[PDB]
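Novice: Here you go, coords.cif (mmCIF, C-alpha atoms and all ligand atoms):
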data_model
loop_
_atom_site.label_atom_id
_atom_site.label_comp_id
_atom_site.auth_asym_id
_atom_site.auth_seq_id
_atom_site.Cartn_x
_atom_site.Cartn_y
_atom_site.Cartn_z
CA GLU A 32 93.90 129.81 89.23
CA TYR A 33 97.09 127.79 88.72
CA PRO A 34 98.29 126.56 92.12
CA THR A 35 101.25 128.33 93.68
CA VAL A 36 103.69 127.27 96.38
CA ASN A 37 101.53 129.00 99.04
CA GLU A 38 98.40 126.92 98.60
CA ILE A 39 100.10 123.51 98.50
CA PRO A 40 101.45 121.93 101.71
CA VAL A 41 104.67 119.93 101.34
CA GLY A 42 103.20 116.45 100.93
CA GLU A 43 100.14 117.26 98.85
CA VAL A 44 99.67 117.36 95.09
CA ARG A 45 97.42 119.34 92.76
CA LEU A 46 96.28 118.40 89.28
CA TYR A 47 95.43 121.07 86.75
CA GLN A 48 93.66 120.38 83.46
CA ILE A 49 95.75 121.70 80.56
CA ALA A 50 93.80 120.25 77.64
CA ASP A 51 91.70 117.23 76.80
CA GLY A 52 93.69 114.30 78.17
CA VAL A 53 96.53 116.54 79.37
CA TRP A 54 97.18 117.59 82.99
CA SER A 55 99.99 119.22 84.87
CA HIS A 56 100.72 117.97 88.36
CA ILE A 57 102.03 120.38 90.94
CA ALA A 58 103.79 119.55 94.18
CA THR A 59 106.01 121.37 96.65
CA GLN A 60 109.24 120.33 98.30
CA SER A 61 111.67 121.81 100.80
CA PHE A 62 115.11 122.37 99.29
CA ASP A 63 117.96 123.95 101.28
CA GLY A 64 115.57 125.31 103.87
CA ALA A 65 113.09 126.89 101.45
CA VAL A 66 109.91 125.59 99.79
CA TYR A 67 109.49 125.52 96.00
CA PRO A 68 106.78 124.40 93.56
CA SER A 69 107.40 121.86 90.81
CA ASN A 70 105.48 120.74 87.73
CA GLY A 71 105.15 117.50 85.86
CA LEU A 72 102.79 116.25 83.16
CA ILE A 73 100.12 113.61 82.80
CA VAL A 74 99.02 112.61 79.29
CA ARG A 75 96.19 110.25 78.48
CA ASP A 76 97.10 107.35 76.18
CA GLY A 77 93.85 105.51 75.46
CA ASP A 78 92.97 103.68 78.65
CA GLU A 79 96.34 104.34 80.26
CA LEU A 80 98.27 107.39 81.52
CA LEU A 81 101.77 108.57 80.67
CA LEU A 82 103.51 110.34 83.56
CA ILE A 83 106.16 112.96 82.90
CA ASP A 84 108.46 113.50 85.88
CA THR A 85 107.91 112.53 89.48
CA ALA A 86 106.44 114.86 92.09
CA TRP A 87 109.84 115.53 93.69
CA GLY A 88 110.20 112.87 96.38
CA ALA A 89 108.86 109.55 97.57
CA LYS A 90 106.10 110.95 99.77
CA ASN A 91 104.95 113.46 97.13
CA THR A 92 104.96 110.86 94.36
CA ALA A 93 102.82 108.48 96.44
CA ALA A 94 100.39 111.38 96.96
CA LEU A 95 100.59 111.91 93.19
CA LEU A 96 99.63 108.31 92.37
CA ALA A 97 96.74 108.36 94.85
CA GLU A 98 95.57 111.75 93.54
CA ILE A 99 95.67 110.46 89.95
CA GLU A 100 93.84 107.21 90.74
CA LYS A 101 91.18 109.12 92.64
CA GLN A 102 90.69 111.95 90.13
CA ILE A 103 91.36 110.26 86.80
CA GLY A 104 91.06 106.56 87.59
CA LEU A 105 93.27 105.36 84.74
CA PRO A 106 96.46 103.43 85.55
CA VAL A 107 99.84 105.10 85.17
CA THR A 108 101.67 102.47 83.16
CA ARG A 109 104.78 104.40 82.14
CA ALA A 110 106.74 107.42 83.33
CA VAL A 111 109.47 109.50 81.74
CA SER A 112 111.98 111.61 83.69
CA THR A 113 113.23 114.64 81.78
CA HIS A 114 116.57 115.02 83.58
CA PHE A 115 118.50 113.57 86.50
CA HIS A 116 117.77 116.00 89.36
CA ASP A 117 115.62 115.01 92.31
CA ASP A 118 112.57 117.00 91.20
CA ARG A 119 112.39 114.67 88.14
CA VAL A 120 113.54 111.26 89.42
CA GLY A 121 112.85 111.69 93.14
CA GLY A 122 110.11 109.13 93.67
CA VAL A 123 111.05 106.78 90.85
CA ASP A 124 111.45 103.89 93.36
CA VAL A 125 107.84 104.53 94.42
CA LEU A 126 106.71 104.52 90.76
CA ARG A 127 108.69 101.32 90.06
CA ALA A 128 107.43 99.56 93.21
CA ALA A 129 103.89 100.56 92.20
CA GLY A 130 104.40 98.79 88.87
CA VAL A 131 104.99 101.87 86.73
CA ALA A 132 107.63 101.30 84.04
CA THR A 133 110.07 104.18 84.38
CA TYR A 134 112.11 105.60 81.49
CA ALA A 135 114.91 108.09 80.97
CA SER A 136 117.70 108.76 78.48
CA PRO A 137 120.93 106.82 79.13
CA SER A 138 122.46 110.22 79.91
CA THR A 139 119.89 110.89 82.66
CA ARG A 140 120.34 107.41 84.14
CA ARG A 141 124.14 107.75 84.22
CA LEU A 142 123.97 111.23 85.76
CA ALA A 143 121.39 110.21 88.35
CA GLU A 144 123.54 107.20 89.29
CA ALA A 145 126.62 109.38 89.78
CA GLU A 146 124.53 111.87 91.74
CA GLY A 147 123.14 109.27 94.12
CA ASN A 148 119.60 109.85 92.88
CA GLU A 149 116.94 107.24 92.06
CA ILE A 150 117.39 105.70 88.63
CA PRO A 151 114.69 105.06 86.03
CA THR A 152 114.52 101.42 84.95
CA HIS A 153 114.58 101.59 81.16
CA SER A 154 116.78 103.56 78.75
CA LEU A 155 115.46 105.74 75.95
CA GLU A 156 117.65 105.26 72.90
CA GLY A 157 117.69 107.82 70.07
CA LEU A 158 118.12 110.96 72.18
CA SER A 159 121.91 111.35 72.37
CA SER A 160 122.37 114.10 69.74
CA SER A 161 120.97 117.61 70.08
CA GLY A 162 117.89 117.90 67.91
CA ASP A 163 116.97 114.21 68.27
CA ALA A 164 113.34 113.26 68.90
CA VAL A 165 111.47 109.99 69.45
CA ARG A 166 107.78 109.15 69.74
CA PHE A 167 106.75 107.74 73.11
CA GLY A 168 103.06 106.91 73.53
CA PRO A 169 101.00 110.09 72.99
CA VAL A 170 104.00 112.43 73.11
CA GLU A 171 107.26 113.30 71.43
CA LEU A 172 110.46 113.40 73.43
CA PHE A 173 112.97 115.96 72.26
CA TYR A 174 116.57 116.47 73.28
CA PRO A 175 117.18 120.15 72.54
CA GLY A 176 120.81 120.00 73.60
CA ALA A 177 122.42 120.91 76.93
CA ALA A 178 120.68 123.60 78.96
CA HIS A 179 119.57 123.49 82.58
CA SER A 180 121.35 120.14 82.51
CA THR A 181 123.35 118.30 79.84
CA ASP A 182 120.62 115.67 79.59
CA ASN A 183 117.39 117.64 79.78
CA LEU A 184 114.53 116.55 77.51
CA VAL A 185 111.40 118.42 76.51
CA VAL A 186 108.04 116.84 75.80
CA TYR A 187 105.50 117.79 73.15
CA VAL A 188 101.86 116.70 73.02
CA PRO A 189 101.05 117.14 69.30
CA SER A 190 97.31 116.49 69.62
CA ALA A 191 97.05 119.29 72.17
CA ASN A 192 99.91 121.56 71.03
CA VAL A 193 101.26 121.43 74.57
CA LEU A 194 104.97 121.78 75.12
CA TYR A 195 106.42 120.72 78.46
CA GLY A 196 109.83 122.34 78.73
CA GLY A 197 110.78 121.10 82.18
CA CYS A 198 113.58 122.94 83.91
CA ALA A 199 115.09 123.93 80.55
CA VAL A 200 112.28 126.49 80.44
CA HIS A 201 111.53 129.26 82.98
CA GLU A 202 108.23 130.82 83.99
CA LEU A 203 107.46 134.40 82.86
CA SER A 204 107.67 136.03 86.31
CA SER A 205 111.14 134.60 86.92
CA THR A 206 114.25 136.74 86.37
CA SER A 207 116.85 134.27 87.60
CA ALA A 208 118.19 131.23 85.77
CA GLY A 209 117.58 129.26 88.97
CA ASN A 210 119.82 126.27 89.66
CA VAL A 211 122.69 126.48 87.18
CA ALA A 212 125.11 124.14 89.00
CA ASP A 213 124.82 121.49 86.28
CA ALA A 214 123.82 123.83 83.47
CA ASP A 215 125.61 124.45 80.21
CA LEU A 216 125.11 128.20 80.01
CA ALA A 217 127.08 128.45 76.76
CA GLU A 218 124.66 126.09 74.99
CA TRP A 219 121.35 126.82 76.76
CA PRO A 220 120.21 129.67 74.42
CA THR A 221 120.95 127.57 71.35
CA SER A 222 119.09 124.59 72.83
CA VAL A 223 116.09 126.86 73.41
CA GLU A 224 116.30 128.07 69.80
CA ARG A 225 116.01 124.44 68.69
CA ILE A 226 112.77 124.09 70.66
CA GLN A 227 111.39 127.22 68.98
CA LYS A 228 112.26 125.87 65.54
CA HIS A 229 111.03 122.32 66.10
CA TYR A 230 107.75 123.21 67.83
CA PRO A 231 106.53 126.59 66.49
CA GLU A 232 102.85 125.61 66.79
CA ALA A 233 103.00 125.04 70.56
CA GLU A 234 100.10 126.94 72.18
CA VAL A 235 100.92 126.20 75.81
CA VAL A 236 104.40 125.95 77.36
CA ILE A 237 104.82 124.43 80.82
CA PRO A 238 107.95 125.23 82.84
CA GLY A 239 109.47 122.84 85.39
CA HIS A 240 108.62 125.31 88.15
CA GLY A 241 105.89 127.92 88.06
CA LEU A 242 102.99 129.02 85.87
CA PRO A 243 102.39 127.78 82.32
CA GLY A 244 102.08 130.42 79.61
CA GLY A 245 102.29 130.76 75.87
CA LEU A 246 105.14 130.41 73.42
CA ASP A 247 106.73 133.45 75.09
CA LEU A 248 108.28 131.30 77.82
CA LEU A 249 110.83 130.04 75.30
CA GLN A 250 112.28 133.40 74.26
CA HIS A 251 111.92 134.62 77.85
CA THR A 252 114.10 131.69 78.92
CA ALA A 253 116.84 132.57 76.42
CA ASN A 254 116.78 136.16 77.71
CA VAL A 255 117.01 135.10 81.33
CA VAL A 256 119.92 132.78 80.62
CA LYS A 257 121.75 135.31 78.42
CA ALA A 258 121.22 138.02 81.06
CA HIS A 259 122.77 135.64 83.56
CA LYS A 260 125.76 135.03 81.28
CA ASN A 261 126.33 138.74 80.70
CA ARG A 262 126.17 139.58 84.41
CA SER A 263 129.08 137.20 85.02
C1 LIG B 301 115.07 124.40 94.44
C2 LIG B 301 114.54 124.09 93.04
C3 LIG B 301 114.99 122.74 92.43
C4 LIG B 301 116.20 122.03 93.04
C5 LIG B 301 117.54 122.74 92.95
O1 LIG B 301 117.62 123.97 92.73
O2 LIG B 301 118.56 122.05 93.12
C6 LIG B 301 116.33 120.70 92.31
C7 LIG B 301 116.22 119.52 93.27
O3 LIG B 301 117.58 120.65 91.61
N1 LIG B 301 115.39 123.12 91.09
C8 LIG B 301 115.34 124.35 90.85
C9 LIG B 301 115.71 124.83 89.53
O4 LIG B 301 116.31 125.93 89.44
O5 LIG B 301 115.41 124.10 88.55
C10 LIG B 301 114.88 125.17 92.02
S1 LIG B 301 113.43 126.13 91.66
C11 LIG B 301 113.93 127.66 90.92
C12 LIG B 301 114.06 128.76 91.97
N2 LIG B 301 113.18 129.82 91.52
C13 LIG B 301 112.47 129.52 90.29
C14 LIG B 301 110.96 129.70 90.26
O6 LIG B 301 110.50 130.28 89.28
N3 LIG B 301 110.15 129.24 91.22
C15 LIG B 301 108.73 129.05 90.97
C16 LIG B 301 110.52 128.90 92.59
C17 LIG B 301 112.85 128.09 89.93
ZN ZN B 302 117.17 120.26 87.59
ZN ZN B 303 115.30 100.97 75.83
ZN ZN B 304 114.20 121.84 88.63
#
Would you put the structure from the file into structure tokens?
Specialist:
Amino acid sequence: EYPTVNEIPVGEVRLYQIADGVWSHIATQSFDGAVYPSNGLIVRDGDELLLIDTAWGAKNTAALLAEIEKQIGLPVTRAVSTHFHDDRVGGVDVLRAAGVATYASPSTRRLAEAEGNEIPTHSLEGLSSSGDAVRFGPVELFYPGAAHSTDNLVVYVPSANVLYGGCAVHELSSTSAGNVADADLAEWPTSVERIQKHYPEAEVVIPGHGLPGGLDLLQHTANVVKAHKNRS
């Protein structure tokens, strides 16, 4: 069973095998008095590991690195943050101090700076226009356009057909668009449509919070966001 917010204490981390050489990591964190789950990705890259997104905080991310070393035993050499919020860059100082080279789009780094969040060390060029993609180790990085945030990236693992949508993508049981404070609601459905068109062979889709599912999460996300728009 995929771990839920109830079976993970704030401070601990779970790994969940998605495919050969692909894992999700799940942590929990207390935000505005309530506890929420949060996903990231781990992708094997030969004898090294690529980390996608922190575990939402310094303490969680340290637990993440110890859990990875224990369970997988390969060094995390690089990490990518998929947008500027604290569930994606919270813990980047820990990663950096531990010798992990941390990456994000220039957009993410600028937004995190202005937000007072931790800032990834290196910039990812080539992701400024909607529809842009670059290769980064064993994955592709895709900027679908503004959605949950104006900078959000999605990550595809072509060898495993795994799409990590991050907070641009919602889990199937969710009916709310979640945190839309920094969202471009006008563009979010279109940005989702780009993901559908660019990665139609994705077999697993992982949201930024909640249970992974199939390709259905993408359309479901567009519906949730458009329902939110209409309600307003
Ligand atoms: C509290 C979080 C986290 C923080 C937030 O909302 O600000 C983050 C630090 O920005 N981001 C968030 C988001 O909407 O992306 C929310 S989680 C959201 C609430 N219900 C949804 C859900 O399906 N859950 C499994 C809990 C997702
Ligand atoms: Zn966010
Ligand atoms: Zn660079
Ligand atoms: Zn989030």
Novice: For ligand LIG 301 (chain B), collect every residue having any atom at a distance of at most 7 Å from a ligand atom (counting all atoms listed in the file); output as a list in words.
Specialist: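 Here is the list of contacting residues: residues 62, 67, 68, 116, 117, 118, 198, 201, 202, 205, 207, 208, 209, 210, 211, 239, 240 and 241 of chain A.
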Novice: Please find the residues contacting ligand ZN 303 (chain B) at a distance of at most 9 Å between atoms, with all atoms listed in the file counted, and report them as a count of residues only.
Specialist: 8
Novice: Neighbours of ligand ZN 302 (chain B) at 12 Å or closer, counting all atoms listed in the file: which residues, as a PyMOL selection string?
Specialist: chain A and resi 69-70+84+87+112-121+139+142-143+146+148+177-184+196-201+208-215+238-240
Novice: Mind listing as a PyMOL selection string all residues within 6 Å of (100.1, 119.1, 100.2), counting all atoms listed in the file?
Specialist: chain A and resi 39-44
Novice: Separation of atom CA of residue 96 of chain A and atom CA of residue 165 of chain A, in Å?
Specialist: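 Separation of atom CA of residue 96 of chain A and atom CA of residue 165 of chain A: 25.9 Å.
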Novice: Tell me, in Å to one decimal, how far atom CA of residue 230 of chain A is from atom CA of residue 193 of chain A.
Specialist: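 Distance between the two atoms: 9.5 Å.
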Novice: Within 10 Å of segment 75-81 of chain A, counting all atoms listed in the file, which residues qualify if same-chain residues fewer than 4 places away don't, as a ChimeraX atom specification?
Specialist: /A:51-54,99,103-111,131-132,167-170
Novice: Calculated over all atoms listed in the file, which of the candidates A:138, A:102, A:59, A:206 has the smallest distance to ligand ZN 304 (chain B)?
Specialist: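 Of all the options, A:59 lies closest to ligand ZN 304 (chain B).
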Novice: Grab all the atoms of segment 177-196 of chain A that the file lists, wrap them in a box along x, y and z, add 6 Å per side, and give me centre plus edge lengths in Å (one decimal) as AutoDock Vina command-line options.
Specialist:
--center_x 110.2 --center_y 119.6 --center_z 75.9 --size_x 38.3 --size_y 19.9 --size_z 25.3
Novice: Which is closest to ligand ZN 304 (chain B) among A:36, A:60, A:91, A:55, if we use only C-alpha atoms and all ligand atoms?
Specialist: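 Comparing A:36, A:60, A:91, A:55 against ligand ZN 304 (chain B), the winner is A:60.
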Novice: Can you work out which one of A:45, A:33, A:255, A:86 has the shortest atom-to-atom distance to ligand ZN 304 (chain B), counting all atoms listed in the file?
Specialist: A:86
Novice: May I ask which of the residues A:204, A:71, A:228, A:34 is the closest one to ligand ZN 304 (chain B), counting only C-alpha atoms and all ligand atoms?
Specialist: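 Using only C-alpha atoms and all ligand atoms, the shortest distance to ligand ZN 304 (chain B) belongs to A:71.
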Novice: A:258, A:72, A:186, A:129: which is nearest residue 97 of chain A, counting only C-alpha atoms?
Specialist: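 Of all the options, A:129 lies closest to residue 97 of chain A.
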